[PDB]
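First comes one chain, alone, set out as structure tokens in the form deposited in one PDB entry.
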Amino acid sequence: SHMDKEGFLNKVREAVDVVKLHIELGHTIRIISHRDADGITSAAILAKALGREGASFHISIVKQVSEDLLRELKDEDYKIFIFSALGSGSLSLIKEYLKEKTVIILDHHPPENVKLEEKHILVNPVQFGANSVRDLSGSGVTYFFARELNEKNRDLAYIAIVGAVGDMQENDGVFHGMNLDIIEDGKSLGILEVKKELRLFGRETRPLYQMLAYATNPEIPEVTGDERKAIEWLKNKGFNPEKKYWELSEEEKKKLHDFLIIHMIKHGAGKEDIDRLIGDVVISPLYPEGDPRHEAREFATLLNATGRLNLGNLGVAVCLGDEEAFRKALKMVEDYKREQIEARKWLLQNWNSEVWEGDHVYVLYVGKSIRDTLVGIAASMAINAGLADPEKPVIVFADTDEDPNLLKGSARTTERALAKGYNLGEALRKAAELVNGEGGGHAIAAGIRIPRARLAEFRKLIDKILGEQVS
């Protein structure tokens, strides 16, 4: 991909001029953001930037943009609404319910192909040639929005990268697009640094054997999910398994990298998984070593842990420096990682007996066996554990926490399937229209909410829609 970076920044300037019209008049800025790391960092960037301009703001951290949400926002008396890290897939609904309000969309998902009214400004790098999952995240769009508003907001560069890491925008091992420009801004201020290290969770707070056993993207053969074998392997290679990765010297890290690469080669791992095991890791000298805020992936996991318990507002406070909010949030990470471990064990046990395999898709309905906010991780795990054909997309459904008759689904696939022509966001958007649902997202990763009554109909429908995308 090749962005028109200046054309995108010109659009950012247009949105900044609009929001300053309302700041001048003392209008309270209504902010709607997503509950994962990309949305939480986005909300904190807006909260800090708008605080620097003396503006007032009201933040709501939500699970998605829905028609039910927009009907609630229609009755709110705010003059301007800012959607961050979401909203691109709901332009028609935003046009309908917020017609007489000013709306700013700071997002990176493929936008719905509809025209907007003059007071609804879409700020999306995809419209300027960006790859939606590599070149910039929602926190990155919000960062450049904040930077154009005030140059001092460059000190939010690390927070913006935390959201990009939460969105796995360095999933192939390196950063791309305007994420590299954010990194340069943070390096100029000395608030972040890019290392070439093991790209796994647990650099700061986990012992080495849990860092290896937790690895699911990519998995480490025979070691993933088995802390006892991880301990044996580390000791056999001359490492203290209880030591943390940050406590290793640079010489020991390189020795660990060599052993892991040899291990994956000996067990037949693919080249793409080997090449992304070691790569860009962003750390921040603003925080001490051993603190999860010191590394972007641990920081993002910490924020996701707060949003998992409907406490994303606590995660926003952590980004803004609330140390008491940090002390609470730190106690939420362990149960978050444990639930992912149990989710993988449930997948390995029940995939064969429960999965619905069509000609172009896997559809797995877990009921409540996996939390609805974890179906995206579950779908990726099925691919990364070898349960699913890499060229066949995986959709995992779970009952929503709020409505047992409503399902939340996440679709995930690989680059090999994208080469076949599959586009999960486009397919889910079309299928949702036919079963009274709401769906959309990236070509490689998308989500959908449908009534539980429509599950059997949806499986036949999405299999047909995906099959027609095949080039």
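In case it trips you up, residue 1 is the first one in the sequence shown, and so on.
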item	value
Mean C-alpha temperature factor, higher of 3-11 and 460-468	3-11
Greater mean Cα temperature factor according to the PDB record, 312-320 or 297-305	312-320
C-alpha B-factor winner, where the candidates are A160, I82, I183, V223	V223
Of the residues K253, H109, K74, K337, the one carrying the largest Cα B-factor as recorded	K74
Third of the chain's Cα B-factor distribution that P292 belongs to, per the entry	lowest
Ranked C-alpha temperature factor of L98 among modelled chain residues, by third	middle
Chain-relative CA temperature factor third for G89	highest
Among modelled residues of the same chain, the CA temperature factor third for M211	middle
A269 - Cα temperature factor, lowest/middle/highest third of chain	highest
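Just so you know, the form deposited with a small molecule bound exists too; it's not on screen, but the next bit is about it.
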{"property": "Close approach of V133 to the small molecule in the bound PDB entry, 4.5 Å, heavy atom", "result": "yes"}
{"property": "In the bound PDB entry, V223 touching the small molecule (heavy atom, 4.5 Å)", "result": "no"}
{"property": "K337: touches the small molecule in the bound PDB entry, heavy atom cutoff 4.5 angstroms", "result": "yes"}
{"property": "Heavy atom of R199 within 4.5 Å of the small molecule in the bound PDB entry", "result": "no"}
{"property": "Among the candidates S284, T102, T216, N124, the residue which, in the bound PDB entry, approaches the small molecule to within 4.5 Å (heavy atoms)", "result": "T216"}
{"property": "Heavy atom within 4.5 Å of the small molecule in the bound PDB entry - the one residue of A47, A431, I61, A445 that qualifies", "result": "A445"}
{"property": "In the bound PDB entry, segment of 265-273, 377-385, 237-245, 354-362 with a heavy atom within 4.5 Å of the small molecule", "result": "377-385"}
